[PDB]
Participant: 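Quick one: structure below, then a few questions.
Hydrogens, waters and symmetry mates are skipped; everything else that's a heavy atom, side chains included, is used. In the text below, chain A, chain B and the rest are named by the order of the sequence lines, each starting its count at 1. Start at 1 and go down the list; that is how both ligands and their atoms are numbered.
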Amino acid sequence: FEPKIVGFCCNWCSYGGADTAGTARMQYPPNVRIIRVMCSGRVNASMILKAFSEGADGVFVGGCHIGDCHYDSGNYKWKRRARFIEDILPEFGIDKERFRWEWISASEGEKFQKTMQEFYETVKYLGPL
Amino acid sequence: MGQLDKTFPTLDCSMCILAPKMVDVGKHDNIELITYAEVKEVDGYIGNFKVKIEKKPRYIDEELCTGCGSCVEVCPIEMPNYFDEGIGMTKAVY
Amino acid sequence: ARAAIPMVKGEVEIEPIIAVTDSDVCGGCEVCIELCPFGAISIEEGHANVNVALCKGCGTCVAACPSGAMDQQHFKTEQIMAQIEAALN
Amino acid sequence: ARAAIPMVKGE
Amino acid sequence: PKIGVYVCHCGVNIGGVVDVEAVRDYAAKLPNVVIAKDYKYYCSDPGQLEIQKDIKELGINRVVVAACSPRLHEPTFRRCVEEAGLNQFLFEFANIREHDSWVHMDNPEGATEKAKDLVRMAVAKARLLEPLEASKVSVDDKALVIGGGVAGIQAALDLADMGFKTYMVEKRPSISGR
Amino acid sequence: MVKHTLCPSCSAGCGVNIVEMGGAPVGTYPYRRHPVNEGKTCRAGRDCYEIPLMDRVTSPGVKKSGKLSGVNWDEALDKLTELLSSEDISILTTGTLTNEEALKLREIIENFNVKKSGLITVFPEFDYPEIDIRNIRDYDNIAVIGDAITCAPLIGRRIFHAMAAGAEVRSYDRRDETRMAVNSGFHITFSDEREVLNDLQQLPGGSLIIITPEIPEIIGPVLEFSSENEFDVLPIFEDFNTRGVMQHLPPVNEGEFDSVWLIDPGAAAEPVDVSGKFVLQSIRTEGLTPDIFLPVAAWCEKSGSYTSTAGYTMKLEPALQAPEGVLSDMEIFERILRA
Amino acid sequence: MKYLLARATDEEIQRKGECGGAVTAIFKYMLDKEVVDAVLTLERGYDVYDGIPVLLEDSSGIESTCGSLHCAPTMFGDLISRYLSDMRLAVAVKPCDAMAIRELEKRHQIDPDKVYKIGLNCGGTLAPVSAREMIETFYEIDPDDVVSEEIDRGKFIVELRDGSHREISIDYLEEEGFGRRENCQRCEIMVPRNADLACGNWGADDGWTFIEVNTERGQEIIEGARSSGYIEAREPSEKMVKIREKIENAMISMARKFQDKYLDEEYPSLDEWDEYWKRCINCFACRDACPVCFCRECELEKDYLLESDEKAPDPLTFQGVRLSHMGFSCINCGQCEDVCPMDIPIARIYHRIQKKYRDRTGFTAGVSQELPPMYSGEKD
Ligand SMILES: Cc1cc2nc3c(=O)[nH]c(=O)nc-3n(C[C@H](O)[C@H](O)[C@H](O)COP(=O)(O)OP(=O)(O)OC[C@H]3O[C@@H](n4cnc5c(N)ncnc54)[C@H](O)[C@@H]3O)c2cc1C
Ligand SMILES: Cc1cc2nc3c(=O)[nH]c(=O)nc-3n(C[C@H](O)[C@H](O)[C@H](O)COP(=O)(O)OP(=O)(O)OC[C@H]3O[C@@H](n4cnc5c(N)ncnc54)[C@H](O)[C@@H]3O)c2cc1C
Ligand code: SF4
Ligand code: SF4
Ligand code: SF4
Ligand code: SF4
Ligand code: SF4
Ligand code: SF4
Ligand code: SF4
Ligand code: SF4
Ligand code: SF4
Ligand code: FES
């Protein structure tokens with residue numbers, strides 16, 4: 001079983017974190033697919049639900065550390081949305097461990113690598129959705 | 001800088017950051033680049049310098065050459081590459 | 001020197017990745033105005049209106065809009081939905 | 001910058 | 001939409017892990033793509049010339065580049081397209097070096113599949129892109145210098161000698177610094 | 001403002017409320033008291049309020065050279081009466097008249113001695129039992145021919161109720177992914193008719209057969225089998241008063257129409273081939289140019305009775321006011337008889 | 001005047017009034033002394049099970065709208081927002097109606113300055129046809145033959161036309177699958193404090209209406225009606241206020257128990273939910289009926305979400321999307337479940353999600369004046 005994982009990362013820190021992990025040559029499983037947004041505040045529950053309905057076995061969202069958002073306060077709004085999404089998902093048979101959201105700074109390549117590896121292990125252990 | 005692999009203290013790739021500036025220099029409207037040339041004479045003073053430069057013969061037309069490298073692949077003569085600092089080889093045309 | 005360069009140029013380009021409101025779809029619910037940290041959104045004629053100078057292009061308001069009247073340029077909902085669909089199909 | 005100053009002044 | 005796809009080898013930085021032949025071939029066959037080419041160094045002058053020539057000849061109105069992170073070279077390819085007449089915002093970037101090739105070295109096949117998926121996502125996004133005219137704003141020809149030490153004094157004098165009106169704010173009653 | 005009415009979109013007798021603001025229909029409201037659906041409607045039931053305003057043609061029209069031009073009502077009722085008396089006029093009606101209007105049309109048909117006339121419907125004249133859909137859940141065995149849920153969602157609701165009650169429901173169609181096929185206890189994708197009839201042999205006496213018009217050729221054989229064999233047949237007709245019009249008017253079983261008079265107040269008539277002249281009596285020409293056009297009142301602007309497929313009859317007072325210049329089909333029929 | 005007992009100075013309005021006719025008298029004063037232009041209320045149809053909204057632009061024959069209707073689970077908020085958002089209005093609202101109106105006002109779909117809310121205390125409503133069937137089966141009478149209903153004793157009480165009263169335990173009827181709608185059993189708000197006035201019969205004498213004045217707009221309404229001689233009012237005991245308080249607290253405790261019953265311990269399983277979702281015909285009756293779903297264009301109908309085939313939609317891209325859109329603001333009015341052609345218990349899941357959100361953030365939909373924390377602009 002090879003899970004399908006979709007990732008959303010903000011342009012300024014989390015996408016920068018993935019770039020840092022890449023430049024440092026930090027290996028991690030190739031299942032994740034990153035989609036760029038300017039801010040984590042651009043992400044809403046419709047995208048997560050569409051990803052899960054289209055065949056995704058896990059959804060990751062990466063944002064700036066609270067207080068480090070380029071756009072000042074988008075990540076707060078995303079955090080609220082993410083808590084509500086964790087509330088909603090289990091009602092339709094989707095474990096909330098399949099939906100992970102983390103704060104990754106532009107220089108935190110190693111944290112991004114570890115997050116990717118651990119999320120892949122979790123989703124694979126859960127099995128197909 | 002172009003010969004370095006990485007740079008301290010960040011261990012970032014030297015060429016990855018230098019090459020864009022080289023391209024910018026090569027395609028700037030306000031810059032006239034004269035490589036393989038040497039300043040031979042300087043006369044005059046501030047605001048009024050007359051400089052005579054000699055462009056050495058490449059034996060390759062800069063306007064026509066695309067740097068594809070076929071001539072390098074076909075050349076039979078080996079010679080040291082100045083960029084490799086005496087541990088790398090190239091051809092008479094390089 | 002570096003500070004003189006742009007001042008000699010005399011102009012800078014603004015990126016156009018800004019919110020745009022569909023007045024025909026917008027209901028004037030106003031749940032988007034407070035979400036702009038720069039106050040780029042106001043209400044004119046009962047419809048949301050974005051100030052280009054104030055807007056920076058975070059996309060928070062667009063994500064908040066339920067009906068989809070608000071949409072970010074270069075990061076439209078249809079584009080991200082197509083990317084999500086292609087990532088899995 | 002130092003070379004531009006004289007060229008900006010022009011004299 | 002006539003999409004032209006350009007996959008960068010980056011020498012062996014993508015090519016060495018990802019097959020820039022199999023990835024270009026898929027891009028040519030994907031709907032709406034009218035050219036698919038690969039070049040060793042696209043950000044260089046020859047690569048930009050190739051992109052401009054392709055735009056002029058085949059009439060490409062959408063440009064997709066499978067290359068390094070957009071945060072590095074998105075402005076580069078944006079000014080490239082314009083000099084060849086296209087609007088800057090019709091162009092898309094696929095990250096297959098920092099996100100795919102440098103992080104999945106031990107899985108070349110998975111790396112190639114991920115590159116294919118990422119290019120598919122990039123083309124899907126590029127299909128729906130539209131022109132956007134960017135607005136110019138004037139730059140005030142004035143400078144502020146905070147700190148009246150040797151560095152601040154030098155900066156203020158250099159700016160003032162270049163003709164710009166400069167303000168120098170100093171918290172101590174007198175300038176000089178340390 | 002809020003007035004009861006019937007949904008005209010299909011043959012289920014679902015009740016709705018029309019919300020009218022200043023003489024125009026502006027919305028729909030749940031008709032919770034109605035027994036057929038208890039205030040539940042599909043999308044068409046909630047969209048029906050726009051019908052009285054969409055492309056309404058409100059003026060008698062006679063086809064001048066090439067096109068159709070406005071005309072007064074007398075000058076159309078004349079040039080219709082002469083057409084009736086002189087030429088070979090065949091009167092075709094949809095299941096959208098009121099029962100009383102259908103009786104009046106029958107009266108006209110004999111007065112003008114027309115030979116070819118009737119109700120446009122693929123179902124034959126049968127002794128359909130009067131079934132209460134609320135009793136569908138009682139039947140132990142139900143055979144469904146055609147996608148009943150899509151044809152009439154609020155009858156598929158009763159089929160679901162029957163399923164929850166213990167019944168087995170077999171569905172038959174030429175497709176294998178319809179709503180009934182998905183939700184049926186057992187589905188069969190038959191390509192030959194003896195295929196359905198043979199499996200129908202296993203039904204107990206007094207079983208239900210819900211048949212839609214999606215498969216026309218099977219209706220005859222299935223009705224014959226049900227009559228021999230004692231099965232309660234529930235049809236899903238095409239129009240909201242197909243049953244009511246069938247009581248007075250027979251199904252047209254003719255196929256040589258020329259100089260036809262179509263009476264479709266509900267604008268539900270499918271494109272009918274006209275070899276000769278075309279009189280159209282509807283609420284909206286839309287369509288093709290008719291030789292004569294007689295605008296009429298909408299289903300909810302009339303007063304009269306309508307009968308659903310199950311056999312439930314509903315008497316209606318107008319929910320809206322008919323726009324100026326339009327007459328009910330009853331007025332047209334009475335005046336034509338008077339002339 | 002947090003408190004008064006009031007009744008119509010008129011005698012016809014008192015006679016046909018449910019509890020002294022204070023609401024009808026207030027509406028009569030409002031139309032006559034011109035606070036407002038129209039009154040939106042209910043009027044019975046051809047029986048007490050048929051309730052129909054009515055918009056009265058004058059008070060002549062206003063008495064035809066008096067009396068309560070427990071078999072009329074109607075919603076007025078969407079009506080006001082869709083058709084009457086421009087006129088100065090006075091409306092009678094049950095707590096769910098006031099909750100919908102508040103959720104719409106904070107979204108600028110209704111102007112608070114334009115709408116006067118004379119809310120009514122509410123112990124629950126019943127579906128008309130279901131109520132008729134329950135009265136034939138358990139009361140052993142013809143449904144035609146009853147002219148009133150009431151739920152005060154914890155007993156559902158029908159009043160035959162002759163004069164007789166029939167009461168059965170609402171507890172025994174609910175256990176049998178009848179009585180109040182499920183959403184009404186879970187309802188936590190009985191007294192509409194989100195309205196300008198709150199009128200009921202809990203702290204009230206026979207012949208009088210107990211009125212709590214929530215706002216100064218309500219205070220102006222009350223003093224204008226009594227200064228104009230339309231309602232006579234006096235002070236409640238402060239022995240009766242405590243009885244009303246205890247009644248409210250015990251209904252509230254019952255709603256909390258029924259919430260536990262329907263949302264946790266008899267909540268459908270995932271397999272049962274799959275069976276239910278397999279039915280959906282994508283008719284959008286639930287969204288149309290939902291007062292919080294007011295949008296001119298709905299996201300659920302977009303190509304990337306709308307299910308374009310004639311089969312049951314994926315419950316994710318329909319129900320989960322609607323939940324993410326408005327479930328933090330769900331008021332548990334039960335309209336979506338009422339109108340569903342496939343008989344799916346939608347309100348259960350929506351109310352459970354809203355309960356999770358309220359527990360986490362403390363936002364109570366239809367009660368808080370401010371938007372849900374989801375829409376906060378602060379760094380909180
Ligand atoms: C003991 C000692 C001996 C040294 N000897 C030598 C030497 O022999 N040769 C040598 O080359 N270097 C020497 N240095 C180093 C030298 O002092 C520094 O390189 C140099 O002073 C840096 O100049 P500056 O303008 O950057 O900062 P500073 O000299 O510190 O000047 C900074 C200015 O900014 C002002 N300022 C600070 N905060 C604000 C504010 N918020 N708003 C406005 N103004 C503000 C300060 O008051 C001051 O006027 C020595 C340093 C020390 C400590
Ligand atoms: C369903 C329902 C349940 C109630 N439950 C309780 C309760 O448990 N405890 C309690 O103290 N009070 C309850 N009330 C209100 C109680 O009956 C009030 O004392 C009474 O409504 C006060 O009005 P009144 O007698 O002063 O005037 P009336 O003049 O009798 O006022 C009734 C007005 O309310 C409108 N109205 C009637 N029914 C509805 C309805 N279903 N939806 C919206 N508007 C409606 C009528 O059109 C009329 O305008 C309930 C009311 C309803 C409608
Ligand atoms: S063959 Fe050699 S000289 Fe000729 S274009 Fe290529 S690189 Fe230049
Ligand atoms: S959230 Fe959407 S509908 Fe509401 S005001 Fe903003 S743009 Fe208009
Ligand atoms: S996109 Fe961001 S900055 Fe722009 S108006 Fe919306 S919230 Fe404001
Ligand atoms: S475009 Fe990017 S990947 Fe390609 S050669 Fe240039 S830096 Fe390397
Ligand atoms: S089932 Fe038929 S009658 Fe009922 S609402 Fe739907 S279309 Fe109208
Ligand atoms: S949901 Fe609450 S306010 Fe609405 S009718 Fe039921 S009990 Fe009354
Ligand atoms: S589902 Fe969303 S977009 Fe549709 S009406 Fe409800 S809130 Fe508006
Ligand atoms: S989701 Fe259902 S219960 Fe909740 S507010 Fe909407 S209609 Fe009422
Ligand atoms: S009302 Fe029922 S059948 Fe219709 S869309 Fe909603 S859940 Fe589906
Ligand atoms: S920019 Fe990354 S979270 Fe706001």
Participant: Tell me the contacting part of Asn282(G) for ligand 11: side chain, backbone, both, or neither, using a 4.0 Å heavy-atom threshold, strictly below.
Facilitator: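 For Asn282(G), only backbone atoms sit under 4.0 Å from ligand 11.
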Participant: I'd like to check which ligand 2 atoms, numbered from 1 as shown, lie under 4.0 Å from a non-hydrogen atom of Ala72(G).
Facilitator: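 By the 4.0 Å cutoff, the relevant atoms are 41 (N).
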Participant: Which ligand 2 atoms, with their elements, are less than 4.0 angstrom from a heavy-atom of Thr74(G)?
Facilitator: 42 (N)
Participant: Side chain, backbone, both or neither: which part of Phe284(G) comes within less than 4.0 Å of ligand 11 when only heavy atoms are counted?
Facilitator: backbone
Participant: Using a strict 4.0 Å cut-off to heavy atoms of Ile346(G), name the atoms of ligand 11 that fall inside it.
Facilitator: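 Answer, ordered by atom number: 7 (S).
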Participant: Might you work through the side-chain hydrogen bond (donor to acceptor under 3.5 Å, both in side chains) test for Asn183(G) and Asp338(G), ending with a clear yes or no?
Facilitator: CA-CA 10 Å; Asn183(G) 80 288; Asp338(G) 280 340; over 6 Å; no
Participant: Could you go through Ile118(G) and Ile221(G), starting from their C-alpha distance and side-chain angles, then the distance that decides it, and tell me whether this counts as side chain to side chain contact (heavy atoms under 4.5 Å, CB included)?
Facilitator: CA-CA 10 Å; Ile118(G) 321 309; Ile221(G) 296 162; 4.0 Å; yes
Participant: Do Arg279(G)'s NZ or CZ and the ring of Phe160(F) fall within the cation-pi criteria of under 6.0 Å and 45°?
Facilitator: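 Yes, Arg279(G) sits over the ring of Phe160(F).
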Participant: Specify side chain, backbone, both or neither for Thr125(G), according to which of its non-hydrogen atoms lie closer than 4.0 Å to ligand 2.
Facilitator: side chain
Participant: Using a 4.0 Å cutoff against the non-hydrogen atoms of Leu69(G), which atoms of ligand 2 qualify?
Facilitator: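 Under 4.0 Å from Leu69(G), ligand 2 has these atoms: 1 (C), 38 (N), 41 (N).
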Participant: Hey, is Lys37(E) close enough to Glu50(E) for a salt bridge, meaning N to O under 4.0 Å?
Facilitator: no
Participant: Are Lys40(F) and ligand 11 in contact, using a heavy-atom cut-off of under 4.0 Å?
Facilitator: no
Participant: Any idea which part of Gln319(G) is under 4.0 Å from ligand 11, heavy-atom wise: side chain, backbone, both or neither?
Facilitator: side chain
Participant: Looking at ligand 2, does any of its N/O atoms fall within less than 3.5 Å of an N/O of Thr41(G)?
Facilitator: no
Participant: May I ask you to list the atoms of ligand 2 that are less than 4.0 angstrom from any heavy atom of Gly17(G)?
Facilitator: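 Near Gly17(G), the atoms of ligand 2 are 30 (O).
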Participant: With heavy-atom distances below 4.0 Å as the criterion, list the atoms of ligand 2 near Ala22(G).
Facilitator: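 Counting from 1, the qualifying ligand atoms are 24 (P), 26 (O), 27 (O).
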Participant: Any atoms of ligand 2 less than 4.0 Å from a non-hydrogen atom of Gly123(G)? List them with their elements.
Facilitator: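 Near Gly123(G), the atoms of ligand 2 are 3 (C), 4 (C), 5 (N), 6 (C), 7 (C), 8 (O).
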Participant: Which ligand 2 atoms, with their elements, are less than 4.0 angstrom from a heavy-atom of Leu42(G)?
Facilitator: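 Selected atoms, number and element: 39 (C), 40 (C), 41 (N), 42 (N), 47 (O).
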Participant: Relative to ligand 2, is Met190(G) under 4.0 angstrom through side chain, backbone, both or neither, heavy atoms considered?
Facilitator: neither
Participant: Applying a 4.0 Å heavy-atom criterion (strictly less than), which segment of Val23(G) is in contact with ligand 2: side chain, backbone, both, or neither?
Facilitator: both
Participant: For ligand 6, what is the set of protein residues having any non-hydrogen atom at a distance below 4.0 Å?
Facilitator: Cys8(E), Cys10(E), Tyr41(E), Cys43(E), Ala67(E), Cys68(E), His73(E), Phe77(E), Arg97(E)
Participant: If you measure from each non-hydrogen atom of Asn121(G) to ligand 2, which part falls under 4.0 Å: side chain, backbone, both or neither?
Facilitator: both
Participant: Kindly check if the number of other-residue, nucleotide or ligand heavy atoms within 6.0 Å of NZ (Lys16(G)) is above 12?
Facilitator: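 Yes, because the 6.0 Å sphere around NZ of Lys16(G) holds more than 12 heavy atoms from other groups.
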Participant: Can you tell me if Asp309(G) has over 12 outside heavy atoms packed within less than 6.0 Å of its CG?
Facilitator: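 Atom CG in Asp309(G) is crowded, with more than 12 foreign heavy atoms closer than 6.0 Å.
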Participant: Does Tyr350(G) have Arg322(G) sitting over its ring (NZ/CZ under 6.0 Å from centre, angle to axis within 45°)?
Facilitator: yes
Participant: Please indicate whether any nitrogen or oxygen in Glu43(G) is less than 3.5 Å from any nitrogen or oxygen in ligand 2.
Facilitator: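 N/O-N/O distance under 3.5 Å: no.
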Participant: Look at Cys280(G) and state whether any of its N, O or S atoms is less than 2.8 Å from atom 8 (Fe) of ligand 11.
Facilitator: yes
Participant: Give the atoms of ligand 2, by number and element, whose distance to some non-hydrogen atom of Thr24(G) is under 4.0 Å.
Facilitator: 28 (P), 29 (O)
